[PDB]
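*Asks:* structure for the following, please:
(chains A, B, C, D, E and F, ligands or ions: 3)
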Amino acid sequence: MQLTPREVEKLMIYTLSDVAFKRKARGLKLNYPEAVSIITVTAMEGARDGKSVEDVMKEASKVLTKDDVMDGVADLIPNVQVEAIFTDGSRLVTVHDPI
Amino acid sequence: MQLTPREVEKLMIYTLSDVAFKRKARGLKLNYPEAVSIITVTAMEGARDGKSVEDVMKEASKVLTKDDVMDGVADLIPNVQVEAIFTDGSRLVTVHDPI
Amino acid sequence: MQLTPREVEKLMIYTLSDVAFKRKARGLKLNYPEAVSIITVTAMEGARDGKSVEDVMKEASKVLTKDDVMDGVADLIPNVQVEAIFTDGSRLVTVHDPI
Amino acid sequence: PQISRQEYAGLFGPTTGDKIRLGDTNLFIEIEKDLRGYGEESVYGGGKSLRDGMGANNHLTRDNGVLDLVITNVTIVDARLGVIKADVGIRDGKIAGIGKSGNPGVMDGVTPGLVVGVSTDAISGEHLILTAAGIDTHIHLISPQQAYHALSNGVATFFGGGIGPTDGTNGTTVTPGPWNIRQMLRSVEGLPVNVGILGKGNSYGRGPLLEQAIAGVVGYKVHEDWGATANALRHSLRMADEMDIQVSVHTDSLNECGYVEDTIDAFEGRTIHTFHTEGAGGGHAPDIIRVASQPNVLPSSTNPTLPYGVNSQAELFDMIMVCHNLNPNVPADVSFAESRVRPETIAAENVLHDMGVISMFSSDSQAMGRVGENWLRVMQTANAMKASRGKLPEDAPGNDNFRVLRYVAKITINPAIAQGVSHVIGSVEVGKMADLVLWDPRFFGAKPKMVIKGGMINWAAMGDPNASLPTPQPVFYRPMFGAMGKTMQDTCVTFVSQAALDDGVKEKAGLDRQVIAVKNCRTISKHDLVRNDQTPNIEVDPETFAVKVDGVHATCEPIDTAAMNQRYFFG
Amino acid sequence: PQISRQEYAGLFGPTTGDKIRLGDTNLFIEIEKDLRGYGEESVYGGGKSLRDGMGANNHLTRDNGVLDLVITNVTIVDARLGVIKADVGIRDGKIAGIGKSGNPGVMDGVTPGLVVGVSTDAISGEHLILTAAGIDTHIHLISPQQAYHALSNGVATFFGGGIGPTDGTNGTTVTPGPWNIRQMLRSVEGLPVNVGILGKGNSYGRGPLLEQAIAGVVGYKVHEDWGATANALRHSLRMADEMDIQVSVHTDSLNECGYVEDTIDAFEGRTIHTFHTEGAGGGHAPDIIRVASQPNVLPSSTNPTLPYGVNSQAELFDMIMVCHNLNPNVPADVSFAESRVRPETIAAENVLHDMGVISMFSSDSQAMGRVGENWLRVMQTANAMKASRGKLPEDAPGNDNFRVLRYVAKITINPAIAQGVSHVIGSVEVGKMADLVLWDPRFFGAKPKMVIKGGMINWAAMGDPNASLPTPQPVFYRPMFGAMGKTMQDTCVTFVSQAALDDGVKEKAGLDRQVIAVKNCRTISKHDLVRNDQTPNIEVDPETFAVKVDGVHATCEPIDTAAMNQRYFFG
Amino acid sequence: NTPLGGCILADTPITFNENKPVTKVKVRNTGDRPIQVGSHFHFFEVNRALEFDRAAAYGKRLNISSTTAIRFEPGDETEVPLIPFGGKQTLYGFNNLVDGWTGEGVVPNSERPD
Ligand code: NI
Ligand code: NI
Ligand code: NI
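*Replies:* Residues are numbered from 1 along each chain as shown, chains lettered A, B, ... in the order given. Ligands and ions are numbered 1, 2, ... in the order given. See below for the structure:
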């Protein structure tokens, strides 16, 4: 596999996304790390599916609303950054206020 | 996310819980780390759901029986400790002999 | 759990197998780390199920074909090595060209 | 010209009269003063005040004043004279000045001990909070990873003892004998925090204590497991007088040698540090809190009891069986715990913190205490006591500064005063060491951005190192340049007694870390402790364990939902 | 007074006559002796014997006897005179005494070298097993992480060679030339284990070997890849005589220079260490076990073959192609492997360990061997040989001590004797270094609780550092204070030759680690190896590779399910 | 048979140090709080609240197994057997009442009052 440190640390963020989606299935208001986990995974999966930077930014904003998270989580997240591997290479994904 | 080391190490324990309930689905006798993994996740999920220390201790004892684990796993587990984040804060969860 | 370093590093390889199986479900050509992830987990799961070294080697070769992976992934994988815990102990699993 | 405070707050941050909410709590902190002339605000960035001939200057670094680092206008939260907005200066790993930064040659009202030049590297002080790093007086040296979890919550100083995961260390903070002391002073070379080793204070002779003082111990430790006898304390105090160090006590909870009033007679009114003054961790059951009424005492507290929760009663009945290896089948072991799990003193402990009686806050890490939840559990108690007891007569009519300044003093300046390291570390004052913590008010008391130690960042929040910025996920805390190579040792301090320093422990033990001797441990009292100088009368009922302070029952109802926990943490 | 052994075992642990089951195996170990007068048992805890004026004492440390650490009542498993219950004392990183601890002034029958005082920090010895740490004579220095996996199974000593992941190192344990030796002696400064570097023993001249001796090697290495010629061995042994060091051999599997008869004549009856005496790892095929019949030889074995499993045949046919870069398409490369995969010698190897012929155990890490399963695979073979061959005539009628004492000797005292470090470490004896391992009998041979190195805990089982105890999950092994700062170097030993020690390798190479020289390598024989002094007659059939020992076919049927593997491990 | 890591103890009870004198004494807790005294604690140098024949406890510890302690509740009167210390019988600390030796015992025992 020859997993570089950038690839190894991108697995602990995926482990949290399965817990975020599993808690969403039971009907729970996501916290700060859980909300950012499920927001960042859509950018990595979007880049894997071959989606453009414009599409993944707007798609990452339409994942969760204010009723899907706890009271005050939207106030402390005015921006969400993450780097994903696209067809052309590694590109930044800035989501200005997804809730 | 600003994941503190206490949060980062709590992901490797959840990675094992998915392998423990996947092996339980196929009908396999769980070993020492797998048994403790699915015992500890119910305390973390219980604390996330807002369950009290009394409820999660008794619920963690009624997850697996002696027939659900390998011969001798109950003898080496007279106690199971783990810290989970409750509504009031981080609290200890001691399960005296769950099998 | 008393997880030795050999057991801790075997969780990051499991985290990738769930992403490989999830991308396979959507219909995506697996890359080098994803292909090797889903190849190695069948050896660890095979060893857990009690399958012999002969069975897991041949079973690991019949998981994916050239159409299930990206163009050129078969050329850079003439061999796949991994160690799994069998009923008799830890044993090597060499899969000479699974595609 | 004139502009609204909304656009000013969005760039330069708050000022005089602006109130800041501390996360999801009900506490608001107002700025008492702004030490800057409006118009010449110093900030770094593309085409901003800090450039050649504007904020910088052509003069040399030797001109005492050129800073090595500057925090561009931040809201300080100090216990001496905090809740102020000012530019803080760093030079030689110490706080140079607190006021206004820039070039005095082209800017009016620049503070003399605060000038930006060619040697300064700025920090974005705006929209953030600055404070002195936390100190933990009860640390069982069970694991070295413990420091990473502590430093990940704003605790850059440790005080305690131990070898490793030995049952002896698991229950008592001791590094006994010169051999163990030297090995631990040398193991601490690979740690990114200040350390103060405590020796065993259990002896009838003067000699065994003298051996540990000259070896390099900041104080002594008297545990019930090693025998908290009247002679063990008398001799530990007698030696602490002639050595100028602090003794920490975990009194006999069995009431074997005597009662609580007999151990106070054995103290002979000499200054002493009392761990877990409530009683969960240890001490003469039931009336331990009674010790916090005398002035010589320096009361501290473990953090698993604070804040007082609804489910706290259940967890501690099983927790008590592992720390001091008590059996659940022996009647003398379980019946002994029935008294120590008293819930009336835990609620009293929480209000005594608000009244200003329990002068400081510790943990008792991996032995009935959490090291990575200290600053958090302080602010959690502050939210509960404001919501129940309301604003104090000393507290202002429109802000909760007095309570926060009183509560931050328990983890910053008071533990430093207790262990004789006030002059080194404790408060954000001029001439002191640069051991500071930075957090957003949104994540105050739980998750800091950076942790400056000796003018260099030791630990901080960091994203993907391969990424184009430091903010991209996964953002988990990692060791920085202040915790790498020889700079970790330079920026960290191995505290010892003067005897050890004079003998030459740094050379004999070969310590590349900084070595500062502790002092002013014995003459200090509760009046010298900041914002917690009260010595009230006490009356404790021994049957039902009810606590009455000045003829008034001290208690409070438990809370189910506390401030900042599942909303920020994951596990 | 009188009390039952059930309540005594629940507090103070077992004693004379009590048998302990070693995990899920069929082996039971009985206590041969209890070195304590019943009544004054020393244990630490809340209100127990070890307090001021009871177990402790007012006298100073310098009174030779005050321990730095004591293990309160543990079941020792030593090969010299093990399976005993006694208090073990630690002082100056060495074993002070083994018997009874406490204060002789108020307790009767306290051993003179064993006294608890103000300098002692106790360990919960009860309900646990103590032993000497393991040694691995075949270690390819391919990765430094290898040590963490080794130390995570009770192996605190390494012996071998290498630079890093070079094909040269991947197949041979060599650090060739003074430059490479120096760089490796200096890289080992950041390792938490004892190390013994082996040089290349392939030369016709005396000089190239002398350069490596004085550089700082504990011995030489003769590999088939670098040429295992009669002259390479003769000159390696000639130099090993005058230098007092041990040569390790991996004989020519191709039978190029000569047969097994040619190599033993080239040895000239001089003491030598033979790696993989079975033949999977290497050595002139087929009759490589035949070398075990000579007394000068010190036979060791790799651990992928032990225990002999049903599926062991398949993995070896492919594993052999990577370690010594053999191609699967060349006929000369695959046809020589057909002989080396012989399954009759693997079953003989397992029976020869029971008979006491193969005197020690190694691994051959990351090159046909696993470093983190040595103690495990020793106990796995012990379970298989008891279940098949039954109790020995020398073994007792009611316990399996003789087999366990014979098998623990293969990893503890015998490899230390072979490499001339018996006096430093090997057995739990007085005056030796404190390199000890602690495990529960439930998790014996697989997962230890702690690993004491030079009197300090180097590695141990640890939970969440932020938690209120060391037991909460996730419990994964992490480096302790004995592996932090300058204490890692102090507690670890860089073994070298006398020639190097007298030359001043510690000063020339600048080694902050402890430097002890190896001695008594040449005069030793098979009789000096503990519990494995057999030199039986041997007859090997060259066609079908059948092995007959003293006119009796040595073999055994393979096993499908081995003891302790899936039940405890995850991966 | 026994479980993994278990102990097959022999059917024989342990005998605790014989040929040592025994002294039975009635101890009553006068104070309103509970007191628990450990095996090797010196009874003569205990709390003044406990009312008993103090002179009979010279250099004598409890006659129970080591480690273990027996609890006394407020008011409750309990009989306790006492055993002398071993070796040189030289004890130090506790409450500075004696800090010396107690095995003189030359015919009727005398010297050192409270
Ligand atoms: Ni304590
Ligand atoms: Ni080899
Ligand atoms: Ni090898």
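
*Asks:* CA only for contacts and neighbour counts going forward, please
*Replies:* OK.

*Asks:* which residues of chain F fall in strands?
*Replies:* All strands of chain F, identified by DSSP state E, fall at F:7-8, F:14-15, F:23-28, F:35-38, F:60-62, F:69-72, F:77-84, F:90-91, F:100-101.

*Asks:* return the most buried member of those.
*Replies:* Highest mean neighbour count among the strands of chain F (mean count of other CA atoms under 10 Å in any protein chain shown): strand F:60-62, with a mean of 24.

*Asks:* Provide the strand pairings for that one, with the direction of each partner.
*Replies:* strand F:77-84 (antiparallel) (DSSP bridges).

*Asks:* could you dump the strand it pairs with to CSV, C-alpha only?
*Replies:* The C-alpha trace of strand F:77-84 is given here as CSV (Å, rounded to 0.1, in the frame of the first residue of the first chain):
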residue,chain,number,x,y,z
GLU,F,77,-17.1,-2.5,72.0
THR,F,78,-15.0,-5.3,70.4
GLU,F,79,-12.6,-7.8,71.9
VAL,F,80,-9.2,-7.9,70.0
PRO,F,81,-6.2,-10.3,70.4
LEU,F,82,-2.8,-8.7,70.5
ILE,F,83,0.7,-10.2,69.5
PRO,F,84,4.2,-8.6,70.2
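
*Asks:* CSV for the strands of chain F, including distance to residue E:130?
*Replies:* Output for the strands of chain F, formatted as CSV (distance: least, CA to CA, whole Å):
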stretch, distance to residue E:130
strand F:7-8, 16
strand F:14-15, 23
strand F:23-28, 39
strand F:35-38, 28
strand F:60-62, 31
strand F:69-72, 28
strand F:77-84, 33
strand F:90-91, 32
strand F:100-101, 37
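
*Asks:* does residue D:263 touch residue D:230 like I think?
*Replies:* Yes: with contacts counted by CA atoms under 8 Å, residue D:263 reaches residue D:230, the gap being 6.2 Å.

*Asks:* ok and the residue in the stretch 151-300 of chain D nearest chain B?
*Replies:* residue D:152 (6.2 Å; CA to the nearest CA).

*Asks:* and the longest helix for chain A?
*Replies:* helix A:5-26 (DSSP state H).

*Asks:* and it, how far out from the chain middle?
*Replies:* 9 Å (CA atoms, centre = their mean, to the nearest Å).

*Asks:* check whether it comes near chain D.
*Replies:* Yes: interface with chain D: helix A:5-26 contributes A:6, A:9-10, A:13 (CA under 8 Å from any CA of the partner chain).

*Asks:* that helix vs chain E: in contact?
*Replies:* No: using CA under 8 Å from any CA, helix A:5-26 never reaches chain E; the gap is at least 15.1 Å.

*Asks:* am I right that residue D:509 is in contact with residue D:184?
*Replies:* No: with contact defined as CA under 8 Å, residue D:509 does not reach residue D:184; the gap is 10.2 Å.

*Asks:* neighbour count: these two, which is higher?
*Replies:* Shown here are residue D:509 and residue D:184; by other CA atoms under 10 Å in any protein chain shown, residue D:184 has more neighbours (25 against 15).

*Asks:* contacting residues around that one?
*Replies:* D:163, D:175, E:481, E:487 (CA atoms under 8 Å, 6 or more residues apart in numbering or on different chains).

*Asks:* same deal with residue D:135?
*Replies:* Going by CA under 8 Å, 6+ apart, residue D:135 touches D:155-159, D:362, D:411-412, D:415-416.

*Asks:* at 10 Å instead, please
*Replies:* Residue D:135 makes contacts with D:150, D:154-159, D:193-195, D:360-363, D:374, D:410-416, D:419, D:425-426, as judged by CA atoms under 10 Å, 6 or more residues apart in numbering or on different chains.

*Asks:* looking at chain A, which residue is nearest chain C?
*Replies:* residue A:1 (4.6 Å).

*Asks:* and the nearest residue to residue F:34 once chain neighbours are set aside, how many neighbours?
*Replies:* In this structure, residue F:34 finds its nearest non-sequential neighbour in residue F:73, 4.7 Å apart by CA to CA, 6 or more residues apart in numbering or on different chains. Other residues near residue F:73 come to 16 when the count uses other CA under 10 Å.

*Asks:* surely residue D:494 is in a helix?
*Replies:* No: Residue D:494: not assigned to a helix; according to DSSP: H, G, I helix; E, B strand; the rest coil it is strand.

*Asks:* across the sheet, point out what pairs with it.
*Replies:* The partner residues for residue D:494, given DSSP bridges, come to residue D:195.

*Asks:* what's the spacing between it and residue D:243?
*Replies:* Distance of residue D:494 to residue D:243, given as CA to CA, to the nearest Å: 17 Å.

*Asks:* and residue D:136, which of the three is it?
*Replies:* Following three-state DSSP, residue D:136 is assigned to strand.

*Asks:* which residues does it form beta bridges with?
*Replies:* Going by DSSP bridges, residue D:136 forms beta bridges with residue D:158.

*Asks:* circling back to that earlier point, quickly list what's touching both of residue D:263 and residue D:230.
*Replies:* Counting by CA under 10 Å, 6+ apart, the contacts common to residue D:263 and residue D:230 are residue D:257.

*Asks:* how about the closest residue to residue D:214 other than its chain neighbours, secondary structure?
*Replies:* The shortest distance from residue D:214 to any non-neighbouring residue, by CA to CA, 6+ apart, is to residue D:500 (4.2 Å). Put simply, residue D:500 is helix when judged by three-state DSSP.

*Asks:* residues in contact with the spatially most central residue of chain A?
*Replies:* Residue closest to the mean C-alpha point of chain A, counted by CA atoms, centre = their mean, is residue A:40 at 1.6 Å. Going by CA under 10 Å, 6+ apart, residue A:40 touches A:13-14, A:17, A:34, A:46, A:56, A:60, A:80-84, A:93-95, D:472-474.

*Asks:* okay, now the residue in chain A that chain F sits nearest to: neighbour count?
*Replies:* Chain A approaches chain F most closely through residue A:15 (34.7 Å), counting by CA to the nearest CA. By the measure other CA under 10 Å, the count of residues near residue A:15 is 20.

*Asks:* SS state for residue D:150?
*Replies:* From three-state DSSP, the assignment for residue D:150 is helix.

*Asks:* so it touches residue D:366, yeah?
*Replies:* No: contact between residue D:150 and residue D:366 fails when scored by CA atoms under 10 Å: they sit 12.0 Å apart.

*Asks:* common neighbours of these two, please.
*Replies:* Common neighbours of residue D:150 and residue D:366 (CA under 10 Å, 6+ apart) are E:465-466.

*Asks:* circling back to that earlier point, where's the residue nearest to the centre of chain A, which helix or strand?
*Replies:* helix A:32-49 (DSSP states H and E).

*Asks:* of all the residues in that helix, which ones are buried?
*Replies:* For helix A:32-49, the neighbour count (16 or more other CA atoms under 10 Å in any protein chain shown) marks A:32-47, A:49 as buried.

*Asks:* ok and the residue in chain D nearest chain C?
*Replies:* Closest residue of chain D to chain C, CA to the nearest CA: residue D:165 (14.3 Å).

*Asks:* residues contacting that residue?
*Replies:* Shown in contact with residue D:165 (CA under 10 Å, 6+ apart): D:140-143, D:171, D:366, E:123, E:449-450, E:457, E:459-462, E:470, E:480-481.

*Asks:* chain F contacts on chain D?
*Replies:* Contact residues (CA under 10 Å from any CA of the partner chain) of chain D with chain F: D:202-205, D:227-235, D:252-259, D:262, D:266, D:284-287, D:330-333, D:335-336, D:339, D:541-543.

*Asks:* residue F:74 is in contact with residue F:31, correct?
*Replies:* Yes: Residue F:31 is in contact with residue F:74 according to CA under 10 Å; the separation is 6.1 Å.

*Asks:* residue 97: how many residues sit nearby?
*Replies:* I'll assume chain A. 14.

*Asks:* that was the other one, I meant chain F.
*Replies:* Neighbourhood size, residue F:97 [other CA under 10 Å]: 14.
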